[PDB]
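The residues making up each chain are set out below.
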Amino acid sequence: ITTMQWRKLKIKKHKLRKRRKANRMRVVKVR
Amino acid sequence: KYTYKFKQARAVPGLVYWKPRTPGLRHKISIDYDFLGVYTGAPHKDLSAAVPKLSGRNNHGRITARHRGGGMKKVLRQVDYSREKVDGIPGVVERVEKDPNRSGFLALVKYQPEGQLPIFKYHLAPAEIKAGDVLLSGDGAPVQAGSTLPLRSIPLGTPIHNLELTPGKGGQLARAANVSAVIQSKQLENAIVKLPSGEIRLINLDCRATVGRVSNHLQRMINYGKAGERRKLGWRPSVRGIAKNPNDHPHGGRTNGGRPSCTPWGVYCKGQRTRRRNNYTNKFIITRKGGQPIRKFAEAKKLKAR
Amino acid sequence: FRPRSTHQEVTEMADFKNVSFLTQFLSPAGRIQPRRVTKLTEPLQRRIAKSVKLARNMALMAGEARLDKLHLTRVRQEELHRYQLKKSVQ
Amino acid sequence: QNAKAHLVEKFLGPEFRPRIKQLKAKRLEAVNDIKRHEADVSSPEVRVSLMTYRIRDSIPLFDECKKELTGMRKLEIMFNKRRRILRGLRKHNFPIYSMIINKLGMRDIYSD
Amino acid sequence: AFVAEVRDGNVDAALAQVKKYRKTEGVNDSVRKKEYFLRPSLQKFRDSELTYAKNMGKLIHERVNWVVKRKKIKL
Amino acid sequence: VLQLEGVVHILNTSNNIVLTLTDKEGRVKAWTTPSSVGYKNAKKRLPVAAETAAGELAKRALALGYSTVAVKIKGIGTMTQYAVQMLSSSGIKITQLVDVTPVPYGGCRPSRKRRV
Amino acid sequence: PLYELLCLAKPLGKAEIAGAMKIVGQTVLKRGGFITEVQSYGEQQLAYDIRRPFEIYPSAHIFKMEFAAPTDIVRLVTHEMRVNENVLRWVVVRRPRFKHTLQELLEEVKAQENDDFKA
RNA sequence: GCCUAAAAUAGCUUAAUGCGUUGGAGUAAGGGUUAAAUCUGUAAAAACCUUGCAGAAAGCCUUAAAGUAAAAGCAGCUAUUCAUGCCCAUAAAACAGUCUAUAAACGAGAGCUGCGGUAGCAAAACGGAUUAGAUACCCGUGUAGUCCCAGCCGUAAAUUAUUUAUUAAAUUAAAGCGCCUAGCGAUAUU
Ligand SMILES: [K+]
Ligand SMILES: [K+]
Ligand SMILES: [K+]
Ligand SMILES: [K+]
Ligand SMILES: [K+]
Ligand SMILES: [Mg+2]
């Protein structure tokens, strides 16, 4: 795998982690 | 701090984790005395006495200690905190018993003086003493758990308990479950000792102490699951100050906490000091709990007056 | 030219007690010399290093030169002279 | 001073030796009945017996030391190897297979 | 602990000996290591760079030595 | 009066140089530093500041009667060269130079590297 | 196996040193071993001083003992050294079982037979 | 018989560092930056000679790893338990294989629960600077964590595909598998 391929995946992983933390402390999870 | 994960795990040995069959058993955690080898029967007949409950009432018949009374029958044990009687005679431990009046464990020791009958006594059980062990006191005894020696024959770093303030009155300082004290240095006629609360104090070198700790390491893991569990021990409920009426408590009014928190008699209870500034015992205290020097406490309002 | 001990001598005298013998493999500052300087086999290199480390634990050697123990050289020579005289008389 | 022969015997004996050496000495003596001749140490009867004895001695060892994972993995490897050896003997030489099972008190569960 | 005696007031000579002791007995190396912390994976890379520089210097002077041996160059 | 043998301790740790004069038992008699002479935050790292501090210490040492001294150096730095030379040229005789720089056998974790 | 004990004790009198040595010897004998060598080197000056909480010892008395005993003797000897307060530092090291290897013995046997065969 | 940077278990050593540490001596700074300041001191600090207490880590040897520990990984000293590796001398008449559908065990660092410990370092946090802004990089303090014991979690840019023959490698031909079929796009459902 190349550096370019790593960077393309990096952005999507960051977005998923951010959303999960927001729903960590909510009654109704946003999905 | 109790958490429900701790009870679910059911890891620590020596505890009884009651299954949540009923609402009053869900959070209940107790001590398993059988698994530890602790006797939980009746005390020795010649070292015990039955007494009535006082329920916090003095000779005038008025309540002086609140929230007491209404428990089970009370029986008291006689404990020999000073082993000066049996200095030379060795003792053999017969049993380790539980006493509902204290948080530690008591040990029953039999002595056999030459030319006399056996003698029975109660002693505060050290951390690692079991039935059949041999306990010794006085000069010529090893520095091991369960031995009582004067402070002049104890190493600095050895933990100790049941320390005497006065030369022969008896041990008074370190008694609670799983507590100990250490010696930092020894001067001409005094030793610097750190107490369980973190206070540095001067104690005469001719006082005696016991090597080791106290014999209950499961005290802080207990959880009473019911109100009635502490009723059986002899404790009564108490009412919050802000729940009462104005004629009963300073917090009585309809509003909650109109004034800073205080006792039922109006004394601030969130930091105001109660020890006497000019107490005679200031000459023996070097550092108070938290690290405050004695001079800072003794001379604090005198500077403000000046 | 400097003295060199034979590999047979090393295997027979490589012990933590023989501080004098072990000194030949230490630098003037008191550190262990590498194998490329001692000219020893790998098994012999390990034995010498372990002997020195064990001697340090027993206070028979110091990890480095010490300023407060500079009189030992005088002491060792004085002890050596007495021992030689005693054995010669005997 | 006189010589102490009783001291020499103790030193040359198994008294002053590690535990493993003493155990291994007993294992060899226990196979004196099934070996082919006085010096047989490699016949299938001897090899299987020695592996079985090692397993029995290792059971108490790992009940106390439950964290020595390296030793357990070695034991597991030998455990599987012995099964395949017995599987081969049964298919090709039943009479030898029968003797090993009878001597060691095993069960006939090594078929395919 | 290195002790350098001063003879005839030649302080500069004593200073030269002190520098030699530090380099020979590995005092400068200890100071360099303790200036700041590096992970074992980063320390490995640092050691490679230092060895690479040493090898380049050895190669350069190997070329010069051959010229001197053959052509008897007075450098 | 002037027949006094002393010790001069030089500490240099990449930011400042500290010179202390002591007797042979370890009791301090005088001490100097670049900031005590007039050189401040950024100017304390110059070789001129080290020389001035060394000269001032020598003047006090001679007044007290210390003419023969031994120099103990701790640390690796460039200021030690100038301080030692100034002491010799100021009239103080130097008999020995001793290096006592410590060396941990393992030790504590240093701080992280600056990502400047 | 064969073990060797090196002990550094305080420079006290002979009676105190003898008592410390006797304790180790009886421990070996009780377990079922025997002692081969007993030696003393007197008071020696160390490379650096041994420090106790309030004491400094620049010298010590050194003696050595060699004994053969079961593998359980090491813990017993270690306990005795810790309990005794006249001992400053100690170490126990294991030694080879035999002086001569099997190969060396065979060569001697062969040489003897050759002499007999020639005779 | 010896050896071991192998694993588990138990004892022991201290170079340096820290302090609401002891005594002596001495007086204005110490610390830090591109340049400064916050911060620590003058009510007696740093520096120097001494005293006490404490945790972590293992200079030279020391080098790859050449041990390969199965992989993750592994060098302060000594001993026990156990498993390897070396020499020298033996042993087997019939038995022992490769690969893995399925199943199981081991498994860095971070993280979670309880118990003990807390020097140094350091997420978060709070101040001083830099800058158009600095919510970052730099400086000063500094809690979890890093450490010990018992559990949970099973994730890495967590090594070169495995085996036979040939071969320094390579190349050539086979045996049993897993995975890929343009990219892009889910916290889909189970
Ligand atoms: K209430
Ligand atoms: K009110
Ligand atoms: K992990
Ligand atoms: K990774
Ligand atoms: K493809
Ligand atoms: Mg009401």
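Our structure is the block above this text.
Residues numbered from 1 in each chain as written, not as in the entry; some residues may be left out. Chains lettered and ligands numbered in written order. Part of a larger assembly, values for the part shown. Heavy atoms only, no water.

1. Focus on the overall build of chain E
In terms of helices and strands, chain E carries 3 helices and 1 strand. Along chain E, helices (α) and strands (β) appear in the sequence β-α-α-α when read from the amino end. A compact globule built from 75 residues should have a C-alpha radius of gyration of about 11 Å, whereas chain E, at 19 Å, is more than 25% larger. The principal-axis extent of the C-alpha atoms belonging to chain E is close to 50 × 45 × 15 Å. Going through the 75 residues of chain E one by one, you find that 19% of them count as buried. For chain E, the exposed area adds up to about 6,500 Å²; of that, 56% sits on carbon and sulfur atoms. Charged side chains of chain E number 19 positive and 9 negative; the gap between the two group centres comes to 10 Å. (Helix = DSSP H or I, 4+ residues; strand = E, 2+ residues; numbered from the N terminus. Rg over C-alpha atoms; globule rule 2.2 N^0.38 Å. Buried < 20%, exposed > 50% of the residue type's maximum accessible area, 1.4 Å probe, protein only. Areas by Shrake-Rupley, 256 points an atom, 1.4 Å probe, with all protein chains shown as cover. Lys, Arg positive; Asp, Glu negative; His and termini not counted. Charge placed at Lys NZ, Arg CZ, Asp CG, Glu CD.)

2. A few points about the protein's contact with RNA strand H
Residues in contact with RNA strand H amount to 98 residues; listed here are only the nearest, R56(C), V28(F), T33(F), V103(F) and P53(G). Counted by atom, the contact set of RNA strand H within 4 Å of the protein is 72% sugar and phosphate. Interatomic distance of 3.1 Å between a side-chain N/O atom of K53(C) and a base oxygen of RNA strand H. Measuring from a sugar or linking oxygen of RNA strand H, one finds a backbone N or O atom of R109(F) at 2.8 Å. Considering every element that reaches the surface near RNA strand H, the biggest residue donor is helix 4 (residues 69-92) of chain D, with 9 residues. Taken together, the residues of the surface near RNA strand H sort by class into 34 nonpolar, 28 polar and 36 charged. (Near = heavy atom within 4 Å. Polar contact = N/O pair within 3.5 Å; in protein donor to acceptor, adjacent residues only side chain to side chain. Nonpolar A, V, L, I, M, F, W, Y, C, P; charged D, E, K, R; others polar.)

3. Examining the packing of aromatic side chains
One pass over the full model with this rule turns up 7 aromatic pairs over all chains. When the centroid spacing of 4.7 Å and the interplanar angle of 10 degrees are considered together, the rings of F2(E) and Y21(E) count as stacked. In this pair, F2(E) is assigned in strand 1 (residues 2-5) and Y21(E) in helix 1 (residues 11-24), connecting sequence segments 19 residues apart. Judged by its relative accessible area of 31%, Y21(E) falls in the partly exposed class. Through pairs of rings, three or more aromatic residues link up here, namely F94(D), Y97(D) and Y110(D). For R109(F), the ring lying beneath its charged end belongs to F37(E), and the centroid distance is 3.8 Å. Above the ring of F11(D), the side-chain terminus of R97(G) is found at 5.6 Å from the ring centroid. (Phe/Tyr/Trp six-rings, centres within 6.5 Å; stacked < 30°, edge-to-face > 60°. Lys NZ or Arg CZ within 6 Å of the ring centre and 35° of its normal.)

4. Let's talk about the packing of helix 2 (residues 19-29) of chain D against helix 3 (residues 44-64) of chain D
Residue and element names in this part refer to chain D. At their nearest, the axes of helix 2 and helix 3 sit 10 Å apart, and the two run at 145 degrees to each other. Seen along the crossing, helix 2 lies across helix 3 with a hand that is right-handed. Of helix 3, the residues touching helix 2 (which contributes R19, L23, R27 and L28) are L50, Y53, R54, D57 and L61. Here the contact of helix 2 with helix 3 is built from residues that sort into 5 nonpolar, no polar and 4 charged. (Axes fitted to C-alpha atoms, helices over the stretch in contact; angles between N-to-C directions. Left-handed = near helix turned anticlockwise from the far one by under 90°. Contact = heavy atoms within 4.5 Å.)

5. Considerations on the sheet that holds strand 8 (residues 134-135) of chain B
All names here are of chain B. Here 4 strands make up an open sheet; going across it, the order is 7-6-5-8 and the pairing antiparallel. A strand with exactly one partner marks an edge of an open sheet, and here the two such strands are strand 7 (119-124) and strand 8. Across 2 bridges, strand 5 (residues 91-98) lies against strand 8 in antiparallel orientation. If you follow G91 over to strand 8, its bridge partner there is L135. (Pairing = 2+ DSSP bridges.)

6. A few points about the pairing of strand 2 (residues 34-52) of chain G
On a regular strand, each side chain points to the face opposite its neighbour's, so the side chains alternate between the two faces of the sheet. Residue and element names in this part refer to chain G. As paired strands, strand 2 and strand 3 (residues 55-68) are joined by 13 bridges and run antiparallel to one another. Note that in strand 3 the partner of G42 across the bridge is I62. Counted between consecutive antiparallel strands, the loop separating strand 2 from strand 3 contains 2 residues.

7. Comments concerning the interface of chain F and chain E
Contacts between the two partners involve 23 residues from chain F and, on the opposite side, 21 residues from chain E. Across the interface of chain F and chain E, roughly 2,000 Å² is buried in total on both sides, 64% from carbon and sulfur atoms. Among the residues of chain F in contact with chain E, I76(F), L97(F) and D99(F) are the three that bury the most area, contributing 31% of the side total. Where chain F meets chain E, there are 1 salt bridge. The partner of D99(F) in a salt bridge is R22(E), with the nearest N and O atoms 2.7 Å apart. At the junction of chain F and chain E, the tally comes to 8 residue pairs in polar contact. (Buried area = accessible area lost by both parts, 1.4 Å probe. Salt bridge = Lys/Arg side-chain N within 4 Å of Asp/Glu carboxyl O.)

8. Regarding the packing of helix 3 of chain D against helix 5 (residues 94-104) of chain D
Residues and elements named next belong to chain D. Two elements in contact, helix 3 and helix 5, have axes whose closest approach is 10 Å; the angle formed by their N-to-C orientations is 30 degrees. With respect to each other, helix 3 and helix 5 are oriented roughly parallel. Crossing geometry of helix 3 relative to helix 5 is assigned as right-handed. Contacts between helix 3 and helix 5 involve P44, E45, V48, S49, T52, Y53 and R56 from the first element and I96, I100 and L104 from the second. Per-class residue counts for the contact of helix 3 with helix 5 are 6 nonpolar, 2 polar and 2 charged. (Parallel < 35°, antiparallel > 145°, perpendicular 65-115°, else oblique.)

9. Details of a nonpolar patch on the surface
A contiguous nonpolar surface patch, about 550 Å² in accessible area, is contributed by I60(E), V64(E), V67(E), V68(E), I73(E) and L75(E). Mapped onto the elements of the fold, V68(E) is located in helix 3 (residues 40-71). (Patch = residues over 30% accessible without salt bridge, like charges linked within 9 Å, V, L, I, M, F, W, Y side chains within 5 Å.)

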